[PDB]
Amino acid sequence: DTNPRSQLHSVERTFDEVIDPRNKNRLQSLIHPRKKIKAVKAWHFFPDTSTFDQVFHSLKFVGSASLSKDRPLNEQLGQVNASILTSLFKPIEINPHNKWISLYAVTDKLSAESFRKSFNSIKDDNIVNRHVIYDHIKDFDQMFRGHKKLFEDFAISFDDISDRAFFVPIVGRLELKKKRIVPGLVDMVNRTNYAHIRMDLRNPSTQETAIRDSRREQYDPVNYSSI
Amino acid sequence: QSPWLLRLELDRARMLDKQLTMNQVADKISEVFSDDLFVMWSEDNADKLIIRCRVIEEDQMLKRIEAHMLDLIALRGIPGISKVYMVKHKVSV
Amino acid sequence: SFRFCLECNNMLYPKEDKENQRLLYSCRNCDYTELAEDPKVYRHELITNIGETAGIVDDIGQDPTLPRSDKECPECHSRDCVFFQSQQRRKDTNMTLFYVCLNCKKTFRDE
Amino acid sequence: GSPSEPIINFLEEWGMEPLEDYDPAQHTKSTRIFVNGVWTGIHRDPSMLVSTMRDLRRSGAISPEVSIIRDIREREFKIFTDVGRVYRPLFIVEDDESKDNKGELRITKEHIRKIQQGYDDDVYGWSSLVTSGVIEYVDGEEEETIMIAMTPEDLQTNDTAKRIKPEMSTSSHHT
Amino acid sequence: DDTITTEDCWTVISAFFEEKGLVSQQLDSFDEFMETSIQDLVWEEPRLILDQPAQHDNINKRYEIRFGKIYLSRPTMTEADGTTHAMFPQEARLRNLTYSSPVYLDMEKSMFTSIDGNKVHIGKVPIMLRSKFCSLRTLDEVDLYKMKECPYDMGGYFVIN
Amino acid sequence: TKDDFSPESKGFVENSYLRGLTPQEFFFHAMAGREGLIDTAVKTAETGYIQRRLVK
Amino acid sequence: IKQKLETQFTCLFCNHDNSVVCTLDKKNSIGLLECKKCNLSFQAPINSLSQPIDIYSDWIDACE
Amino acid sequence: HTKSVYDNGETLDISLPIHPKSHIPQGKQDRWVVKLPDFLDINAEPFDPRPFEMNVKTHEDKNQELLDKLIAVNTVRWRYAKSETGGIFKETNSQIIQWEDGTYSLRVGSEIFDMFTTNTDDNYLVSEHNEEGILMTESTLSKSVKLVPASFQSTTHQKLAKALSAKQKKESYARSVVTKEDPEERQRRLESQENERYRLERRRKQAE
Amino acid sequence: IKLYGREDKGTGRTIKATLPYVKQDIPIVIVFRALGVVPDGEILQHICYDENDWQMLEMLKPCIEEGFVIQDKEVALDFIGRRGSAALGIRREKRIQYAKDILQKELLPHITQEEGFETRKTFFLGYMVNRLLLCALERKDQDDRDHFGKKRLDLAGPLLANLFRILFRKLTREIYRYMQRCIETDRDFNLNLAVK
């Protein structure tokens, strides 16, 4: 099957044999080759258009940096918590030798819930000015590993109403370990980070939106190419 | 005295097999240690044979005392004679 | 069993208060201190039996080199089982057998 | 000697998880996977993995002189492609319970007739037997995990001049 | 099917010895050596580097040579009068020669400078008899007799002096 | 099989030389003979040294 | 207990070699380096695992 | 009581621009991270049949060509499908199949690959904002998913086994050559030339 | 990885690890911290795989007590670098770099050779210490030295490969020496004369 025409024909054959998820009879027709078990539900596998412009990294805590293990930290941040789901990370590097990550979160449950609800409901062109203040919690040592291929890792999110599954690329993996600050460097530590950070929600500028659309034009040119 | 307590559980079967008395072990500990350690011992009828001790940061000191006690407390017998067997000898008289 | 520090993950050494007369587990790398629940600071076993039956795995019934008996299972009363001796390998170790059923996979003796 | 890269590719294809994604508290029942003495990952269903590796080796996908060892007691799964390992060939007994041929040799009179002729009925030599799954090589380390019948007469259950064979009555049945 | 007799086992053993022989390990190891090991050993340290920051107008000059491919030949014999001819093991045994073949290596030279090459004979490697690089591997039964070699001889050894 | 303490599993040869040994018995008997040869060829030097010291 | 040992270190003031002596006192957790020619004295704290190389490296760090 | 190190209270008035999302997760902000196997590739670009036909590469090495063919036919793709009503719709060749036991499987064409899910704690997805140098979290990665071939009889597994078996069979580095003269001839002739030019250079230097 | 201390003698049963190009043995906790995992709990997580086994934890306790003096990665690397048998008087930063080199390379080279890949080295160190503890606690017999599946045979191939490696290194050194001598004369050498 080294013929390019044969490969193209195989591609169109694979494209044409997609089973409609709403077709229950055809779904039950499909049988597992080994398990011999009928299919129950199906979901389409599609890429995500609005997230290709952004850069995504899989962030993990290694060892004792686990939030569940740190019981007082978990109790302070709430026993899924919206504070964890809306946390901020601020990488600051004084020099190549010394590096760490700054973690911020919303202590108040109501403010974090309002911010999370506002962030997860962005489908219109009206955003309220939510001046949310983030408080520093802890710092960790970081290491980074890069992926040679673009789509080495991908996270899958589901959508039951549309029977689809949206996947996003992963650029790299970030690992964090607990860092004990040296007592002789606390004077310089106090001058690096901040006790509070205020986040203001504003509508994106036209030029930045055009830049992001130009970046997305690589994936989807039908609905986003400039005219 | 100190709040730290030291109690050791001794096997009843092997203690009876060696034909030893708890009072004898108590006197041995008292002799080797004078009044530096207060000692109490459960009676014969106890379900589990135990003998406690109390001193008169000292957790490590008590650990070293316990290790020394386990190591070199000689109840009875000739030192160096690890085991003894009974043998029958056929002798012409 | 010994506990670890909840803030810097080091070992919690026991400590005694002179004024309060309490046993407390304290980390020497910080000021964290948690109240001890039991007074059992240390326990040493001169003669121990741990590791005799602790060497058990859940896939031991797939080993073809193990002998197969017909002893009765105490739980599900199966007619097939796999036996072996003690996993501890000291000179004083007994020659008693441990039987493993092929359905419930529990370890039981014959006495 | 054989390269270990296809072995790692096959292992990663069949569900092996690397060391960086491994937590000893979470994985209290996973099997450590060694390749040429290097701990490369872990797995939670070692039976399917060892079955797949052995079937691939018996089909010629993996080189026949590669060692596949499963230590059930220590929860380890070791693979060796090193140079200098001494091995010997053995007949393979069909050990699949779901098969009808359970407890019987895989080699039949058809294989013997093909060997005598010298070709297959649509060169047929020793290598054809090895890559057909009726013969395989085992080294001294893999021998510790297998059960070997001395003669094909041993696979099925008062003269003063004939030698006497062991009873082997300690086990009710032998596989 | 039908049962497998002891004669079938001896048929299988005969197939084994027909394919492998009795000295297969020696020949296979030597063939692996000659085929890949020499090239890998050469490519272990493939770059010799010499630098000279000449100041005598600072010119930093790096001189480096790369090792390329390994070329092997069938064993040859060079006479005192200068001629050459193909060597065979019986002649090496009779005249106390060494049965060995020349090894050639590609050396590439480059002249790096910053202001701020063909086959070389590297030696002769003795050849194991009846291996892939021996002259007797191809010869059939008749030419083996013409070469005064015994057909029962199995190889697996070297001829030094 | 594992954990077998029967006589045939641990080196008891129940056949005679006239009857013929089984392969397991053959291997165990070869192990014992190897022990004998090693013991002789190892103790000879110690015995010779003792004899020399006694003579001197 | 003070421990006096002859070392083959090089003094950075007099440049004479094999004229460095390390004196460490484990009881008070101190270590003294004295130059047999320069008569200079260097003091640095020591730990339970301390060795003369530790005090020598500490002196090197202090000198620069 | 570990006192808080930071008490200055200095605050940055930084405002981040955020774009609307084409989809929103419902009930749980959970995503599953999936490792990409060697036999599977992701083609986010829309399927263009004519460039795909015009860019097929043929190599002498059968194993490399077979691997490229397998990964190309197994590549996840998508394309625009013209609806019968005149509209345009996104059409894909990949689906997710859930069996009765609750397990999930990724399906591309007739090939089905099983999913093995391992629960992971304290694993989240973040979005990098390089222009501001901060990382904004997105959701939680609860489970890690590995892709495993369904069975031996699957064509993908057979092609992978064939490619990996025949890949290590080809091994021949040394190239044969024919020697027509004595190898040491180059060495002796260059020694003679070097000695001649040494004598000429010595004569010139004595005459200089 | 030696296990010092006899039964009921020598106070604590410390575990010291011998390292290449290091003059004196090193406790396991210090090298574990040097690799880049400081907390003692995670060191025990790497070493032991079942928390209910109090005996191995008790045997590791003296090592934790001895290694408590070191509490940072950089001081641990420096402590490695002092004993690294290098030239006396090397500066602290250069000592730390030397320790990083001797830790990345020549410490379990068969695992990996690249930077930032020391997680597998820590896991393998935990595995070795676990095997040492399992043998020390009479849970397993010591390894059979005479077992034949742990042996290898070197045929003509490997022996000739080792010999050819030595001879080729000698030839390369001769080529290097001749090149150094020839660059004095500054001539366009034919390169067919350097090779012997």
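Chains here go by letter, A, B, C, D, E, F, G, H and I, matching the order in which they are written, and residues are numbered from 1 within each.
Keep in mind that, in the parts below, a residue touches a chain if its C-beta (ideal position, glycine included) is under 8 Å from a C-beta of that chain, and two chains touch if they have at least 3 such contacts.
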Contact clusters after notional removal of chain I: A, B, C, D, E, F, H | G
{"item": "Chain closest to the assembly centre - both centres taken as Cα means", "value": "I"}
{"item": "Distance from the mean Cα position of chain D to that of chain A, given in whole angstrom", "value": "45"}
{"item": "Centroid spacing, where centroids are CA-atom means, of chain E and chain H in whole angstrom", "value": "39"}
{"item": "Centroid spacing, where centroids are CA-atom means, of chain B and chain C in whole angstrom", "value": "29"}
{"item": "Interface hub residues of chain C, defined as touching at least two other chains", "value": "7-9, 55, 63, 65, 67, 87"}
{"item": "Touching two or more other chains - residue numbers and ranges from chain F", "value": "1, 4"}
{"item": "Interface hub residues of chain G, defined as touching at least two other chains", "value": "none"}
{"item": "Complex contacts: residues of chain I adjacent to chain G", "value": "24, 66, 69, 78, 82-83, 88-89, 91-92, 95"}
{"item": "Residue ranges of chain D touching chain C (in the complex, touch as defined)", "value": "29, 46-47, 72-73, 75, 95, 145-147, 170-173, 175"}
{"item": "Of chain C, residues touching chain F in the complex", "value": "63, 65-67, 83-85"}
{"item": "Chain D - residues contacting chain I, complex", "value": "19-20, 22, 24-25, 28, 32, 36-39, 82-86, 139-144"}
{"item": "Interfacial residue positions of chain H with respect to chain D in the complex", "value": "37-39, 116, 118-120, 144, 146, 148-149, 152, 160-162, 164-165, 167-168"}
